[PDB]
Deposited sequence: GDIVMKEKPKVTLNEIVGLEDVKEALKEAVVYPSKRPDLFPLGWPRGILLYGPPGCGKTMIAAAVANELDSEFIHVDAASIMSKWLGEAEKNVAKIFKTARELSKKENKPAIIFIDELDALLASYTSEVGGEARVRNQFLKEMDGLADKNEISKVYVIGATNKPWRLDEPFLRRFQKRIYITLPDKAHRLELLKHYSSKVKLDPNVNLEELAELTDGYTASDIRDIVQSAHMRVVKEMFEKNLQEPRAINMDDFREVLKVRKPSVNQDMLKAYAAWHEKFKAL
């Protein structure tokens, strides 16, 4: 998974290049240092995972994909042990290959939740993060965290991520490119208006949009199968309309401004 495979997020692409790629490739050029914690926050299905992997891939760095919910445990002492082990692994990958290591931690807010005092997982995580910054550390390790509930992160936690990037719902023009992108792979009737579809999909995420196209395709595929035909008819505008009547956005009303509030 590469950067060219991601439709929008040109300024996000830039920010991460700036935070990770450039200092990894030219450390001498950052005499004022750089942060090693990047936080991607926003609604789900907006490309957070995608973009983290797309930069690991750009740098050809070592990569560790972690789901924070997976690290947690209903027994004492396992969650902070798991945390310690991930960072250690990374440190060692980095020094062994003499190259940077990227840990992508998805569902970051999970570290703060109650499975069992939750403080002990937090404090270990906070210590590893401060450890990355240490000017005696030989390993070059970066942490890219993602959440769709940033309000669940406390402020000391936020202080370890000195770069913090809001990834929003796609705008009309973003939606149009996503539409163009996903629909390119299926066959459309000339009466189909991407422009109007762009407008009707306000509130919908990038994966929602993919799902809308998939779901529209399925109307024709289903038509072919149930009549035992060879190939399906092209997708028409009404097909999208019927999908839109029944598929509402993954992101409801308030959550959209929980996000802009916190941002």
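Q: Numbered from 1 along the deposited sequence, what ranges are absent from the coordinates?
A: Those stretches are 1-10, 127-130, 278-283, listed in order.
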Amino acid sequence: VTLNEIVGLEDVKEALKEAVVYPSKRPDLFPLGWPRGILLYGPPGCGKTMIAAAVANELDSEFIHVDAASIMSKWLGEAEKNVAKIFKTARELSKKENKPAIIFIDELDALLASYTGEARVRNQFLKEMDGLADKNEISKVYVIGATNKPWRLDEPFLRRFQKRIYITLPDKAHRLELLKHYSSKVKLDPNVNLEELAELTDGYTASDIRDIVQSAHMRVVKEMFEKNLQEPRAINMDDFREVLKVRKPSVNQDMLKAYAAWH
From here on, numbers count along this sequence of modelled residues.
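Q: Would you tell me which stretch averages the higher CA B-factor in the PDB entry, 105-113 or 74-82?
A: On average, C-alpha B-factors are higher across 74-82.
Q: Tell me which stretch, 136-144 or 117-125, has the higher mean Cα B-factor listed in the entry.
A: The stretch with the larger mean CA B-factor is 117-125.
Q: Rank-wise, by C-alpha B-factor, drop residue 197 into the lowest, middle or highest third of its chain.
A: Ranked within chain, residue 197 CA B lands in the middle tercile.
Q: Looking at the C-alpha B-factor of residue 161, is it in the lowest, middle or highest third of its chain?
A: It falls in the bottom third of the chain.
Q: Among the modelled residues of this chain, does the Cα B factor of residue 228 put it in the lowest, middle or highest third?
A: It belongs to the highest third of the chain when residues are ordered by C-alpha B-factor.
Q: By its CA B factor, does residue 94 count among the lowest, middle or highest third of the modelled residues in the chain?
A: Its C-alpha B-factor belongs to the lowest third of this chain's values.
Q: Splitting the chain's C-alpha B-factors into thirds, which one does residue 12 fall into?
A: Residue 12: CA B-factor falls in the middle third of its chain.
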